[PDB]
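Just so we're on the same page: letters track the sequence lines, and every chain starts at 1. Just the heavy atoms: all of them, side chains too, but no hydrogens, waters or symmetry mates, feed the values below.
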Amino acid sequence: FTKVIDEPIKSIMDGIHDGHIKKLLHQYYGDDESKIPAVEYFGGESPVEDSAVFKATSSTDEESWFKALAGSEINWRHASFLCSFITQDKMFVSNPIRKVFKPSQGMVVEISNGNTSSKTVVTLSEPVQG
Amino acid sequence: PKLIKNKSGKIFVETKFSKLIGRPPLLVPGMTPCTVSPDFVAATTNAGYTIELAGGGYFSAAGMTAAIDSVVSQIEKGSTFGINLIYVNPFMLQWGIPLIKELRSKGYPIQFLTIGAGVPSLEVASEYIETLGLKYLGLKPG
(Lines give C-alpha, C1' and ligand atoms only; values in the text may rest on other atoms or scores of the structure.)
Protein backbone atom coordinates (compact mmCIF):
# COMPACT_ATOMS: atom_id res chain seq x y z
CA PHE A 1 0.00 0.00 0.00
CA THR A 2 3.08 2.28 -0.03
CA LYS A 3 2.75 3.79 -3.51
CA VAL A 4 2.15 7.55 -3.56
CA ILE A 5 5.23 9.57 -2.55
CA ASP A 6 5.25 12.75 -0.44
CA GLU A 7 1.65 12.33 0.74
CA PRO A 8 1.44 14.16 4.09
CA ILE A 9 0.83 12.13 7.23
CA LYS A 10 -2.31 14.21 7.74
CA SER A 11 -3.64 13.12 4.34
CA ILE A 12 -2.71 9.45 4.79
CA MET A 13 -4.20 9.07 8.26
CA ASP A 14 -7.29 11.12 7.38
CA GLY A 15 -7.81 8.91 4.34
CA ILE A 16 -7.64 5.77 6.47
CA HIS A 17 -9.94 7.28 9.10
CA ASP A 18 -12.54 8.42 6.56
CA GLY A 19 -12.41 5.01 4.89
CA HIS A 20 -13.18 3.35 8.22
CA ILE A 21 -15.89 5.93 8.96
CA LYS A 22 -17.55 5.48 5.57
CA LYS A 23 -17.53 1.69 5.81
CA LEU A 24 -18.89 1.74 9.36
CA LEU A 25 -21.59 4.23 8.33
CA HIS A 26 -22.59 2.09 5.35
CA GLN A 27 -22.70 -1.14 7.33
CA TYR A 28 -23.94 -0.40 10.87
CA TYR A 29 -25.62 3.01 10.42
CA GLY A 30 -26.99 2.91 6.88
CA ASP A 31 -25.15 5.92 5.41
CA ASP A 32 -26.72 8.39 7.84
CA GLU A 33 -24.52 10.59 10.02
CA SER A 34 -27.56 11.59 12.09
CA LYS A 35 -27.52 8.08 13.57
CA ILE A 36 -24.07 8.79 15.07
CA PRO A 37 -24.32 9.60 18.81
CA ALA A 38 -23.04 13.04 19.79
CA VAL A 39 -21.12 14.03 22.93
CA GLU A 40 -19.72 17.37 24.03
CA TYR A 41 -16.17 15.97 23.97
CA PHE A 42 -14.77 12.56 23.02
CA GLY A 43 -11.92 11.20 25.12
CA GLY A 44 -10.62 10.55 28.59
CA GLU A 45 -12.80 7.48 29.16
CA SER A 46 -10.83 4.72 30.86
CA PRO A 47 -11.09 1.21 29.33
CA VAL A 48 -12.06 -0.19 32.75
CA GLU A 49 -30.97 14.99 39.16
CA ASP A 50 -31.32 18.72 38.51
CA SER A 51 -30.74 19.64 42.18
CA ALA A 52 -28.46 17.25 44.09
CA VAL A 53 -26.72 17.34 47.48
CA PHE A 54 -23.76 15.02 48.10
CA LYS A 55 -21.91 14.54 51.39
CA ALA A 56 -18.37 13.20 51.74
CA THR A 57 -17.48 10.91 54.65
CA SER A 58 -14.31 9.16 55.79
CA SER A 59 -15.35 5.86 54.19
CA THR A 60 -16.78 7.36 50.98
CA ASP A 61 -15.22 5.95 47.82
CA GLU A 62 -13.36 8.64 45.89
CA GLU A 63 -14.08 7.23 42.43
CA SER A 64 -17.81 6.94 43.14
CA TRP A 65 -17.79 10.44 44.63
CA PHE A 66 -16.19 11.91 41.51
CA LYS A 67 -18.52 9.95 39.22
CA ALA A 68 -21.54 11.28 41.12
CA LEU A 69 -20.24 14.86 40.97
CA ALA A 70 -19.49 14.51 37.25
CA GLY A 71 -22.93 13.11 36.43
CA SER A 72 -24.12 11.01 33.53
CA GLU A 73 -24.23 13.58 30.72
CA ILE A 74 -20.92 14.48 29.07
CA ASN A 75 -20.05 18.15 29.57
CA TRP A 76 -17.62 20.56 31.24
CA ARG A 77 -18.69 19.20 34.63
CA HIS A 78 -17.86 15.67 33.44
CA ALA A 79 -14.43 16.82 32.28
CA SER A 80 -13.79 18.79 35.48
CA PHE A 81 -14.65 15.90 37.79
CA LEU A 82 -13.19 13.00 35.75
CA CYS A 83 -10.35 14.37 33.61
CA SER A 84 -7.15 13.39 35.40
CA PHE A 85 -4.98 16.16 33.90
CA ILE A 86 -5.48 19.76 32.84
CA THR A 87 -3.49 21.70 30.25
CA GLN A 88 -1.09 24.39 31.45
CA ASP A 89 0.43 26.92 29.01
CA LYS A 90 1.77 23.90 27.13
CA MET A 91 2.18 21.37 29.96
CA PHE A 92 0.08 18.69 31.67
CA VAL A 93 -0.61 18.81 35.42
CA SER A 94 -3.01 17.14 37.83
CA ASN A 95 -6.60 18.34 37.87
CA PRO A 96 -7.03 21.14 40.46
CA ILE A 97 -10.80 20.62 40.48
CA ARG A 98 -10.32 16.98 41.49
CA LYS A 99 -7.66 17.89 44.06
CA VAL A 100 -9.94 20.53 45.59
CA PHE A 101 -13.07 18.33 45.53
CA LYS A 102 -11.21 15.34 46.97
CA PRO A 103 -13.75 13.85 49.42
CA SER A 104 -13.32 14.25 53.17
CA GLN A 105 -15.52 14.35 56.25
CA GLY A 106 -17.66 17.48 56.43
CA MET A 107 -17.72 18.36 52.72
CA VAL A 108 -21.16 19.07 51.22
CA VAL A 109 -21.51 19.63 47.46
CA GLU A 110 -24.71 21.18 46.12
CA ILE A 111 -25.20 20.86 42.35
CA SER A 112 -27.90 23.15 40.94
CA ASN A 113 -29.28 23.00 37.39
CA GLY A 114 -27.37 19.80 36.69
CA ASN A 115 -29.53 19.03 33.66
CA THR A 116 -28.60 22.35 32.01
CA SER A 117 -24.83 22.36 31.50
CA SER A 118 -24.76 26.09 30.74
CA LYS A 119 -26.48 27.03 34.02
CA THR A 120 -25.04 24.20 36.14
CA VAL A 121 -23.36 25.38 39.36
CA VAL A 122 -21.47 23.22 41.87
CA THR A 123 -21.01 24.67 45.37
CA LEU A 124 -18.69 22.91 47.84
CA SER A 125 -19.07 23.90 51.50
CA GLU A 126 -16.94 22.84 54.47
CA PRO A 127 -17.11 23.58 58.22
CA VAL A 128 -15.54 27.03 58.72
CA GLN A 129 -15.46 28.45 62.25
CA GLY A 130 -17.89 25.71 63.26
CA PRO B 1 -16.53 -0.57 16.82
CA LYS B 2 -18.92 2.35 16.52
CA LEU B 3 -19.05 5.97 15.36
CA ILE B 4 -19.28 9.08 17.53
CA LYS B 5 -19.07 12.83 16.97
CA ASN B 6 -18.30 15.97 18.97
CA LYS B 7 -19.75 19.48 18.87
CA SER B 8 -17.45 20.43 15.99
CA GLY B 9 -18.93 17.53 13.99
CA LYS B 10 -15.68 15.59 13.58
CA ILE B 11 -16.54 11.90 13.21
CA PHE B 12 -14.44 9.64 15.45
CA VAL B 13 -14.28 5.85 15.29
CA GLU B 14 -15.49 5.07 18.81
CA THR B 15 -13.29 2.16 19.90
CA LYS B 16 -11.72 1.41 23.29
CA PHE B 17 -8.30 2.87 22.45
CA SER B 18 -9.92 5.89 20.77
CA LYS B 19 -12.17 6.45 23.79
CA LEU B 20 -9.16 6.43 26.11
CA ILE B 21 -6.94 8.71 24.00
CA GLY B 22 -9.61 11.10 22.69
CA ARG B 23 -8.31 10.61 19.14
CA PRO B 24 -8.80 8.25 16.21
CA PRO B 25 -7.67 4.63 16.84
CA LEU B 26 -4.65 4.93 14.52
CA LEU B 27 -1.09 5.55 15.68
CA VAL B 28 2.37 5.91 14.17
CA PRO B 29 4.64 3.58 16.18
CA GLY B 30 8.13 4.50 17.28
CA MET B 31 10.39 4.09 14.25
CA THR B 32 14.15 4.55 14.23
CA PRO B 33 15.07 6.81 12.35
CA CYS B 34 11.63 7.86 11.03
CA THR B 35 9.90 9.03 14.20
CA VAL B 36 13.24 10.22 15.59
CA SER B 37 12.70 13.50 13.74
CA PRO B 38 10.91 16.02 16.00
CA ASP B 39 9.36 17.54 12.88
CA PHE B 40 7.56 14.34 11.87
CA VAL B 41 6.32 13.65 15.41
CA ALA B 42 5.03 17.22 15.69
CA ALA B 43 3.40 16.99 12.26
CA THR B 44 1.58 13.77 13.13
CA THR B 45 0.45 15.19 16.47
CA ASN B 46 -0.85 18.33 14.73
CA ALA B 47 -2.64 16.07 12.24
CA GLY B 48 -4.31 14.57 15.31
CA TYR B 49 -2.96 11.01 15.36
CA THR B 50 -0.97 9.27 18.07
CA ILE B 51 2.77 9.05 17.45
CA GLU B 52 5.78 7.83 19.43
CA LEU B 53 9.07 9.73 19.48
CA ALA B 54 11.57 6.90 19.08
CA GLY B 55 14.61 7.09 21.32
CA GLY B 56 16.71 4.96 18.97
CA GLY B 57 18.24 8.00 17.30
CA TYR B 58 19.00 9.56 20.70
CA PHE B 59 21.90 8.30 22.82
CA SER B 60 21.72 10.85 25.65
CA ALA B 61 19.11 12.30 27.96
CA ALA B 62 20.15 15.79 26.85
CA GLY B 63 19.56 14.91 23.20
CA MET B 64 16.18 13.35 23.87
CA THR B 65 15.21 16.33 26.04
CA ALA B 66 16.13 18.72 23.23
CA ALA B 67 14.04 16.65 20.81
CA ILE B 68 11.08 16.60 23.21
CA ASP B 69 11.32 20.36 23.71
CA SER B 70 11.36 20.82 19.93
CA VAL B 71 8.26 18.63 19.60
CA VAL B 72 6.50 20.58 22.35
CA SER B 73 7.34 23.89 20.68
CA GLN B 74 6.13 22.61 17.30
CA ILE B 75 2.82 21.09 18.50
CA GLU B 76 -0.27 23.08 19.46
CA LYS B 77 -1.63 23.72 22.93
CA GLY B 78 -3.02 20.66 24.69
CA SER B 79 -1.39 18.27 22.21
CA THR B 80 0.29 15.04 23.29
CA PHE B 81 2.68 12.38 22.04
CA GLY B 82 4.32 9.21 23.32
CA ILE B 83 7.90 8.02 23.67
CA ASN B 84 9.20 4.67 22.38
CA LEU B 85 12.08 2.79 24.00
CA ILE B 86 13.87 -0.45 23.15
CA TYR B 87 14.16 -3.02 25.94
CA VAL B 88 17.17 -4.90 24.51
CA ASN B 89 19.71 -2.21 25.49
CA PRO B 90 19.78 -1.54 29.28
CA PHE B 91 21.68 1.72 28.74
CA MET B 92 18.72 3.10 26.78
CA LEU B 93 16.36 2.34 29.64
CA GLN B 94 18.74 3.65 32.29
CA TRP B 95 18.99 7.08 30.66
CA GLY B 96 15.40 7.17 29.37
CA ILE B 97 13.15 6.03 32.22
CA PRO B 98 14.55 8.62 34.69
CA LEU B 99 14.23 11.22 31.93
CA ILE B 100 10.59 10.29 31.35
CA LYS B 101 9.92 10.46 35.10
CA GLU B 102 11.59 13.88 35.33
CA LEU B 103 9.73 15.26 32.31
CA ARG B 104 6.42 13.97 33.67
CA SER B 105 7.26 15.61 37.00
CA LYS B 106 7.75 18.87 35.09
CA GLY B 107 4.42 18.09 33.40
CA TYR B 108 5.53 17.28 29.87
CA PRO B 109 2.90 15.99 27.40
CA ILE B 110 4.24 12.43 27.39
CA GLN B 111 0.94 10.59 27.03
CA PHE B 112 2.51 7.13 27.05
CA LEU B 113 5.67 5.05 26.96
CA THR B 114 5.92 2.20 24.45
CA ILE B 115 8.37 -0.63 25.12
CA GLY B 116 9.50 -2.54 22.03
CA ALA B 117 11.76 -5.52 21.37
CA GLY B 118 10.83 -7.09 24.70
CA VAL B 119 8.20 -7.10 27.45
CA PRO B 120 9.48 -5.79 30.81
CA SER B 121 9.26 -8.06 33.82
CA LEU B 122 6.43 -7.58 36.30
CA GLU B 123 8.57 -5.51 38.69
CA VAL B 124 9.95 -3.26 35.95
CA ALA B 125 6.50 -2.75 34.42
CA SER B 126 5.07 -1.90 37.84
CA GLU B 127 7.88 0.59 38.43
CA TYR B 128 7.17 2.26 35.09
CA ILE B 129 3.41 2.36 35.70
CA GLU B 130 3.78 3.84 39.19
CA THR B 131 6.73 6.22 38.85
CA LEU B 132 6.25 7.62 35.35
CA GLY B 133 2.60 8.53 35.91
CA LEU B 134 1.67 8.09 32.25
CA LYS B 135 -1.83 7.84 30.83
CA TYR B 136 -1.15 4.32 29.55
CA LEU B 137 1.74 1.94 28.91
CA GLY B 138 2.33 0.44 25.47
CA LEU B 139 3.98 -2.96 25.15
CA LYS B 140 4.99 -4.71 21.91
CA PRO B 141 4.94 -8.45 22.67
CA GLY B 142 6.40 -10.77 20.07
Backbone N or O of B:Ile75 within a donor-acceptor pair of the A:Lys90 side chain at under 3.5 Å? yes

Heavy-atom proximity to chain A below 4.5 Å, by part of B:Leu26: side chain

Contacts with chain B made by residues 45-81 of chain A (heavy-atom distance under 4.5 Å), listed by residue number: A:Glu45, A:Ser46, A:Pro47

Smallest heavy-atom separation, B:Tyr108 atom then A:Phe92 atom, equals O-CB, 4.5 Å

Side chain, backbone, both or neither: which part of B:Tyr136 has a heavy atom under 4.5 Å from chain A? neither

Taking side chain to side chain contact (heavy atoms under 4.5 Å, CB included) as the criterion, tell me which of B:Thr44, B:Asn46, B:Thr45, B:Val41 meets it with A:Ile9. B:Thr44

Part of B:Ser79 within contact of chain A (heavy atom distance under 4.5 Å): backbone

Please check this pair: side chain of B:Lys7 against backbone of A:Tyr41, looking for a donor-acceptor N/O pair closer than 3.5 Å. no

What are the two closest heavy atoms between B:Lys2 and A:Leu24, and how far apart are they? O-CD1, 4.1 Å

Taking atom types as modelled, find out whether A:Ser84 and B:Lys135 have a side-chain donor-acceptor pair closer than 3.5 angstrom. yes

Considering only heavy atoms and a distance below 4.5 Å, find which of A:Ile12, A:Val93, A:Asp14 pairs most often with chain B. A:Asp14

Is the backbone N or O of A:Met13 less than 3.5 Å from a side-chain atom of B:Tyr49, with the two atoms forming a donor-acceptor pair by type? yes

For A:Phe42 and B:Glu14, work out which heavy atoms get closest and say how close. CZ-CA, 4.1 Å

Residues of residues 25-39 of chain A under 4.5 Å from chain B (heavy atom pairs)? A:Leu25, A:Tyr29, A:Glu33, A:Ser34, A:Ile36, A:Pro37, A:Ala38, A:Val39

Exercise: identify the closest heavy-atom pair between A:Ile21 and B:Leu3: O-CD1, 3.8 Å

